[PDB]
């Protein structure tokens, strides 16, 4: 099975004892049951941004979500990712929709990874516009780029799932390493006639051969085959 680390924005009704009772941002380590959560004050119709960072010395994965002119929400979790992920990964974005009329539009996405064993080894990319046949993205499921230069992760006019992976593998650790780190950011627009629709969007890190697991729609965010 796939090895998943993710930052989720999640407004599906969460059913298990001990889950948040509100839309939330969370940090997921190999399971849908988040290791750490905070309230997500969701605003359909308005552009939002997520920032994510991690460093192998601090060993603290942190994320923040915010909207223009509003207060931001943060979440953090202490973890050694070398004990969880393989050395080579792929990074990506995912979204799912419930029985609602909503869009999951990504307007921009950038990423940086550094690895020190000599100046460091590194990789950086930024998409502020998405082109129509993007040969440096692996699109899975329903995901596609429209003619306005936007990345649409789920179907545009129910129950959709789609993902976009950066094409090249990322080197996040090696045995002779001093420190490694990564940063990511993306901006998103959730359009809907409803104010609080059940929806999901993630940034994630996986084994390089990852694909959409069978039965992973809705609350499993296109990342996990089951809730255990």
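Positions refer to the first chain, counted from 1.
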Query raised in the report: Would you class the number of unmodelled deposited residues between residue 133 and residue 134 as none, 1 to 3, 4 to 9, or 10 or more?
Result: none
Report summary line: Residues of the deposited chain absent from the coordinates between residue 117 and residue 118 total 1 to 3
Report task. Check the entry's C-alpha temperature factors for 198 to 206 and 64 to 72, then say which stretch has the higher mean. Result -> 64 to 72
Query raised in the report: Averaged over C-alpha atoms, is the B-factor higher for 78 to 86 or for 105 to 113 in this PDB entry?
Result: 78 to 86
Report task. Determine which member of 192, 185, 36, 55 has the highest CA B-factor, using the values in the deposited entry. Result -> 192
Requested in this report: Would you check the entry's CA temperature factor for residue 94 and let me know if it's in the chain's lowest, middle or highest third?
Outcome: lowest
Query raised in the report: residue 162: which third of its chain by C-alpha temperature factor?
Result: middle
Requested in this report: State the tercile, meaning the lowest, middle or highest third, of residue 29 with respect to the CA B-factors recorded for its chain.
Outcome: middle
Query raised in the report: Based on the entry's values, in what third of the chain does the Cα temperature factor of residue 139 lie: lowest, middle or highest?
Result: middle
Report task. Would you mind ranking residue 221 by its C-alpha B-factor against the rest of the chain and naming the third, lowest, middle or highest? Result -> middle
